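See structure below.
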Amino acid sequence: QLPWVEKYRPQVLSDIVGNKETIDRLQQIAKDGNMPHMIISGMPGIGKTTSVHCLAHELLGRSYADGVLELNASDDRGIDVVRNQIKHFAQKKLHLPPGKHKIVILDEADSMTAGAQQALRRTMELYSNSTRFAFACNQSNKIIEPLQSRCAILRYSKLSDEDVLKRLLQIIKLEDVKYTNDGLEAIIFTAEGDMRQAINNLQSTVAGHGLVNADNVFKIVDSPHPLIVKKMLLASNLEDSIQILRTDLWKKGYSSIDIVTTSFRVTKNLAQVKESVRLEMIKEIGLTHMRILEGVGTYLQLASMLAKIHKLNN
Amino acid sequence: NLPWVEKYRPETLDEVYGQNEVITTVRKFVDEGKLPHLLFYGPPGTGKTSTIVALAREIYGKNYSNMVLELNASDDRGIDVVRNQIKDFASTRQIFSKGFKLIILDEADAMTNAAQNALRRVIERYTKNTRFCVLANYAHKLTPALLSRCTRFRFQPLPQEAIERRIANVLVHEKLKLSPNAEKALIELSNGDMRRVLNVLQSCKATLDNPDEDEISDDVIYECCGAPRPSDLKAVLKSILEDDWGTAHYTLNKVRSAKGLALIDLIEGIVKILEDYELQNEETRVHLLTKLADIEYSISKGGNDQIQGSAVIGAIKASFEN
Amino acid sequence: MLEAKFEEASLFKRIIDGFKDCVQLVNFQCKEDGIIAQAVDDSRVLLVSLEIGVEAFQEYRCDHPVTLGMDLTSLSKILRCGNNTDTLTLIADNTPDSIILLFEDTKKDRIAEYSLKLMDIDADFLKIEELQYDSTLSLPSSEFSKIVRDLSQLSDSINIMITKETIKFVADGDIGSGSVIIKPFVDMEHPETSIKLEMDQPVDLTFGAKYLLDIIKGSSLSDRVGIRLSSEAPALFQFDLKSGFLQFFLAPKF
Amino acid sequence: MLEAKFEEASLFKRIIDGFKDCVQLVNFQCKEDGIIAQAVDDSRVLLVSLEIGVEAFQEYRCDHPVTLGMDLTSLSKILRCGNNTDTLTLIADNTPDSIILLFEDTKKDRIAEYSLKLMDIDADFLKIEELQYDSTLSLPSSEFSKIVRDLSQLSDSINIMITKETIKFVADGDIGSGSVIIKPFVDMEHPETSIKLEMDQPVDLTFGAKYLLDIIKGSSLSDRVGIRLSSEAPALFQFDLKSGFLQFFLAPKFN
Ligand SMILES: Nc1ncnc2c1ncn2[C@@H]1O[C@H](COP(=O)(O)OP(=O)(O)OP(O)(O)=S)[C@@H](O)[C@H]1O
Ligand SMILES: Nc1ncnc2c1ncn2[C@@H]1O[C@H](COP(=O)(O)OP(=O)(O)OP(O)(O)=S)[C@@H](O)[C@H]1O
Ligand SMILES: [Mg+2]
Ligand SMILES: [Mg+2]
């Protein structure tokens, strides 16, 4: 077998779907070649690493194997590496087209020690005539302030719904899969922006149950069913909600964190109730979540959360 | 000589209970030979470790001491450990090995985000020469990438039939008699963790083995577990809902003192009892749940015990006024 | 019950020095055919095997197969105290728990007795299956050692390839690339500097640097080394000896 | 581009090992006249110049002048491989991104070609003008190396004095002090034991111990080392070669 996320990974910059502004920025960068040092920040699985990889590929053409140094969390990045190997790579003579430059792609820059990030400063400041640096990070706060200021910051928003839907439809058309609209909406729901997780859940559903259907997705996700949680959060009499939470969710060994997270996610999408009541229900569920994370996970906390949600809905 | 928790540990796939839905799947995976990376996650005392060790011993037989590497949580777990040990074990190919190795990471939910990123990159790199198996209690503290990379397996708690079968097998292989209500109270208090059951059994064994023939009554089980008896809960709730303030306060104090009761478990039992009453109005239930959750949250930080007890009494009383 | 006497002392010295670094604890099994040993490194990549017959010795007697599991570091510490003109003698008696070494030269009364404890492991695992190797070659030990410890500084993955009568060692890393090319030739005046090559199929595979560096340290035994390469099978590096051999089985990489 | 064929591969090995400890990055300006190189110390205190004419090359063909800027640790790692009785060959292509070093055995077909990745260095090439040095002397290299290795074991500075046809080395540390004097003389029996001296002004200079210890490593190239001292200008140490020279420019200390 073969993972779809690995098989259908975009190799050309145009195939990347998502942020429309920064992808066009990188398109013009590859068209010109004068790429500056850049940090790329954003939430996981929204197309950070693939973006910089495609950029380097399209920018260097046939010389990618000789003019690119990649360093992820697997490779050793301490003090000796940044002082010896990176410095000897930056000085390496290489005759490229007039606009191109050697590229150093540092993925998961957050794991790089601050003391290790110190050494990179003069190494990237001095040899900026034949070497450019591209950091890829989740949180741009763990990068030291000097490196934070030396390079251009590129933020990647979380994926919307129409973009993930378009990508999934492309994948289905290329793979000739049987599906339905409710299944795709369930994929969008369980993904919430993670293109990688969306594609993986799609492939797992197709491999396990063949047909992309709501019950199949909700049986392969191992998460509480969104319909039953919505019924819990929308029952008229409180005892019905308490009985639902007791018998249908608490007995089957679900983790309280998962229950609160699913309630949060379904309350976000309840497009039938008003907006203010949604915000207040989210506030209550979030207070209950903060209580849960502090060490107490008794059923009484979820019962009180449901009670307060009903008190608000009345 | 060794404790029952270590003695009665299963050694084959047949000696696991209440997990048939996953046992058939792992048997399909071992007969097919296409065993991918696995994620076993669930509440403690369920059999994840036992199941994976039995599966490894079945697949590799005597080569288990060579092609199976077990690693635990925070073994000087910097990025350096994932860079050296796991990476060497994955990359290095044995002299006379056919197939793939197995690296089992026990309680591997205590890894930092950087450590989990290193692990996901490693499992992505050498996914053709070895397969991994990650064990977890809470599947919400893992990076979604590592979760998506492998196949999930949730370990639902042990049902009543499985625990009853296991305690029967333990009983017939030991010199103990067990009263009818004893196993009922046991299953009610254990909540489905086999480890706690095998611990409390040998505990009450060593506790009441005076003539080698005493019967384990519910008193000794409630003592060794340190949990109240439902009769005391009903009595204290009755005293609170019926008597006045001073007598109810004295009753709560004596019940929580002479037996050693924590307000947390007492409140758990009291709300469990109140869950099945035929309350005519609704505001009573709402106020009760809210105030009791607030009391529990305040107890979680260790205030003044008598004040929280009086607050419990006041909430229970002022809730039942309609 | 076991008496094994040599002709010289440096023989066993270099025999131990050959694989002194690869493993630490090793079991020597003695029978009427001589002495056999087989061990594996902790990484389980290199398999060392050593067989010495009953001809390099001068007097060898034993009743039944005996096993002695001992540490090589302490054995070398003890063995390094002898002159090159002396004569070593292994002595063992009933219920063997302490081995006795005896250095003694007839020109002067120096009875050097050394007792050494036995740390047993009870892990033999000797299993040799394949006997058909796709390609074989034989070349002086000094040349091979020079080539491997010359190409070891460039990278950590040495690529051996047996093409049509063109033996090629390649290495590529960060500071550059190295390529040694040697063709077979026979010298009638000196067969000890000849290159023998028999190829059934063109071979190409890789090996680790440190493993080759640990293998070549057994170059003091013989002046000629034999390499046997085969796909889907471990490579075999053999060093002959007047009454046996020392062979390293190495597992390739991907 | 360029094809250079050494007669003995040990020559370039000794050349590189002579000054591989004072400069980490050197530039080799390959012209038609030969190979010229100059490199400054990482502390900008000790300059190293090297000239090797076409007479030292069995065959030397350069299409057009070029600059090969390579490291010395990697070049020493590579040059450490080949044997003595080989025929080293340096080859470079147009727009050289890497240099090729062939090692060929005269009586064998064992050809070993290595590749080295060239570095990029800003050509901070300063031009050196000949100055009339006050004191000019020459002495056996072994004698000078012994004197430096003996005096440096006391302090971190060595004082040189040239006065009335007399050479003097002085050191004063905390553990004691030491002094040596040399008188010029010559012997027809062996001219490799003569200490020449041509003084125009009595001069007094002081140099660092570590830099002298790094310089004296050049004693393996030649046997007669020449020294040119001036009142305030940097001292010039010269080791002659069958087709060229290796020169260390050393900067004096302050009073
Ligand atoms: N916009 C996108 N279009 C198509 N595929 C995408 C997109 N974004 C993510 N993917 C997929 O997500 C997979 C995961 O790779 P990346 O997105 O590069 O991971 P990441 O963004 O670096 O997040 P990390 O590594 O956890 S910080 C890729 O192999 C793609 O198949
Ligand atoms: N399904 C089961 N069937 C039979 N005995 C079991 C089962 N689960 C647990 N046990 C017993 O309880 C012991 C503990 O099992 P473990 O596998 O260590 O539990 P666990 O799944 O690892 O949960 P942890 O380690 O607390 S996160 C085993 O050695 C058995 O004796
Ligand atoms: Mg990434
Ligand atoms: Mg466990």
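What is reported rests on the model, the rules as stated and the sources as named; nothing here is a laboratory result. No Cβ is skipped: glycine too gets one built from the backbone with ideal geometry, and neighbour counts run over all protein chains shown.
Computed quantities for the displayed model
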{"quantity": "Some residue of segment B:8-20 being more than 8 Å from ligand 2 (Cβ to nearest atom) and free of Cβ contacts under 8 Å to residues at least 40 places away in the same chain", "calculated": "yes"}
{"quantity": "Looking only at segment D:80-97, and only at residues there that are buried (at least 18 other Cβ atoms within 10 Å of the Cβ) and away from chain C (no Cβ under 11 Å), the one that is farthest from residue D:120 (Cα to Cα)", "calculated": "D:86"}
{"quantity": "Candidate set from segment A:62-84 (those that are more than 14 Å from chain B (Cβ to nearest Cβ) and free of Cβ contacts under 8 Å to residues at least 12 places away in the same chain); member that is nearest to residue A:130 (Cα to Cα)", "calculated": "A:64"}
{"quantity": "Every pair of residues 6+ apart whose Cβ atoms lie under 9 Å, when the first sits in segment A:96-114 and is touching a residue at least 40 places away in the same chain (Cβ under 8 Å) while the second is among the acidic types (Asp, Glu) and away from ligand 2 (no atom under 16 Å from the Cβ)", "calculated": "A:99/A:32; A:103/A:70; A:105/A:70; A:107/A:70"}
{"quantity": "Some residue of segment A:228-240 being surrounded by 19 or more Cβ atoms within 10 Å (Cβ to Cβ) and either within 11 Å of chain B (Cβ to nearest Cβ) or among the acidic types (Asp, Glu) (or both)", "calculated": "yes"}
{"quantity": "Any hit, segment D:215-231, residues being in contact with a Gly (Cβ under 8 Å, 6 or more places away or on another chain), farther than 19 Å from residue D:197 by Cα and not small (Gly, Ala, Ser)", "calculated": "yes"}
{"quantity": "Residue, farthest from residue B:101 (Cα to Cα), within segment C:42-61, restricted to residues that are touching a strand residue (DSSP E or B) at 6+ places or on another chain (Cβ under 8 Å) and within 14 Å of chain B (Cβ to nearest Cβ)", "calculated": "C:49"}
{"quantity": "Residue match in segment B:129-152 (condition: over 26 Å from residue A:224 (Cα atoms) and facing another protein chain (nearest Cβ under 9 Å))", "calculated": "yes"}
{"quantity": "Residue within segment C:6-26 that is of a type in the set (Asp, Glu), under 22 Å from residue C:208 (Cβ atoms), in contact with a helix residue (DSSP H, G or I) (Cβ under 9 Å, 6 or more places away or on another chain) and surrounded by 18 or more Cβ atoms within 10 Å (Cβ to Cβ) present", "calculated": "yes"}
{"quantity": "Selected residue [over 12 Å from residue B:319 (Cβ atoms), within 14 Å of chain A (Cβ to nearest Cβ), surrounded by fewer than 18 Cβ atoms within 10 Å (Cβ to Cβ) and among the acidic types (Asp, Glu)] from B:282, B:242, B:275", "calculated": "B:275"}
{"quantity": "Criterion (of a type in the set (A, V, I, L, M, F, W, C) and within 14 Å of chain D (Cβ to nearest Cβ)) met by exactly one of C:131, C:151, C:126, C:118", "calculated": "C:151"}
{"quantity": "Residues of segment B:1-48 satisfying the condition of being among the β-branched types (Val, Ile, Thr), surrounded by 15 or more Cβ atoms within 10 Å (Cβ to Cβ) and more than 20 Å from residue B:193 (Cα to Cα)", "calculated": "B:26"}
{"quantity": "Residue within segment A:188-199 that is more than 19 Å from the chain's Cα centre (by Cα) and within 14 Å of chain B (Cβ to nearest Cβ) present", "calculated": "no"}
{"quantity": "Test: residue A:196 is of a type in the set (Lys, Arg) and within 16 Å of ligand 3 (Cβ to nearest atom)", "calculated": "yes"}
{"quantity": "Test set (1) within 14 Å of another protein chain (Cβ to nearest Cβ); (2) buried (at least 18 other Cβ atoms within 10 Å of the Cβ); (3) aliphatic (A, V, I, L, M); (4) under 25 Å from residue A:149 (Cβ atoms) - residue A:5 fails condition number", "calculated": "(4)"}
{"quantity": "Any hit, segment B:70-83, residues being touching a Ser or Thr at 6+ places or on another chain (Cβ under 9 Å), crowded, with 16+ Cβ neighbours inside 10 Å and assigned to a loop (DSSP other than H, G, I, E, B)", "calculated": "yes"}
{"quantity": "Hits in segment A:51-74 (condition: acidic (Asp, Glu), in contact with a helix residue (DSSP H, G or I) (Cβ under 6 Å, 6 or more places away or on another chain) and under 21 Å from residue C:173 (Cβ atoms))", "calculated": "none"}
{"quantity": "Top-ranked residue in segment A:250-272 [being in a loop (DSSP other than H, G, I, E, B) and touching a residue at least 24 places away in the same chain (Cβ under 8 Å); ranked as nearest to the other protein chains (Cβ to nearest Cβ)]", "calculated": "A:254"}
{"quantity": "Of all residues in segment D:62-79 being touching a strand residue (DSSP E or B) at 6+ places or on another chain (Cβ under 6 Å) and surrounded by fewer than 18 Cβ atoms within 10 Å (Cβ to Cβ), the one that is nearest to the other protein chains (Cβ to nearest Cβ)", "calculated": "D:67"}
{"quantity": "Residue check for residue B:181: buried (at least 17 other Cβ atoms within 10 Å of the Cβ), outside any loop (DSSP other than H, G, I, E, B) and either within 14 Å of another protein chain (Cβ to nearest Cβ) or away from ligand 4 (no atom under 16 Å from the Cβ) (or both)", "calculated": "no"}
{"quantity": "Count of segment A:29-50 residues which are in contact with a helix residue (DSSP H, G or I) (Cβ under 8 Å, 6 or more places away or on another chain), closer than 16 Å to residue A:194 by Cβ and not in a loop (DSSP other than H, G, I, E, B)", "calculated": "0"}
{"quantity": "Checking residue A:295 against (1) more than 9 Å from chain B (Cβ to nearest Cβ); (2) surrounded by fewer than 15 Cβ atoms within 10 Å (Cβ to Cβ); (3) farther than 24 Å from residue A:189 by Cα, the condition it does not meet", "calculated": "(1)"}
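Each row is one residue, and each column tells you yes or no for (1) aliphatic (A, V, I, L, M); (2) within 21 Å of residue B:113 (Cα to Cα); (3) surrounded by fewer than 18 Cβ atoms within 10 Å (Cβ to Cβ).
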position: A:55; (1), (2), (3): yes, no, no
position: A:64; (1), (2), (3): no, no, yes
position: A:73; (1), (2), (3): yes, yes, no
position: A:77; (1), (2), (3): no, yes, no
position: A:82; (1), (2), (3): yes, no, no
position: A:89; (1), (2), (3): no, no, no
position: A:98; (1), (2), (3): no, no, yes
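Table: residues versus (1) away from ligand 4 (no atom under 16 Å from the Cβ); (2) among the β-branched types (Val, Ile, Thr); (3) assigned by CATH to the domain that holds residue B:91.
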position: B:24; (1), (2), (3): yes, yes, yes
position: B:28; (1), (2), (3): yes, no, yes
position: B:33; (1), (2), (3): yes, no, yes
position: B:40; (1), (2), (3): no, no, yes
position: B:44; (1), (2), (3): no, no, yes
position: B:52; (1), (2), (3): no, yes, yes
position: B:62; (1), (2), (3): yes, no, yes
position: B:70; (1), (2), (3): no, no, yes
position: B:77; (1), (2), (3): yes, no, yes
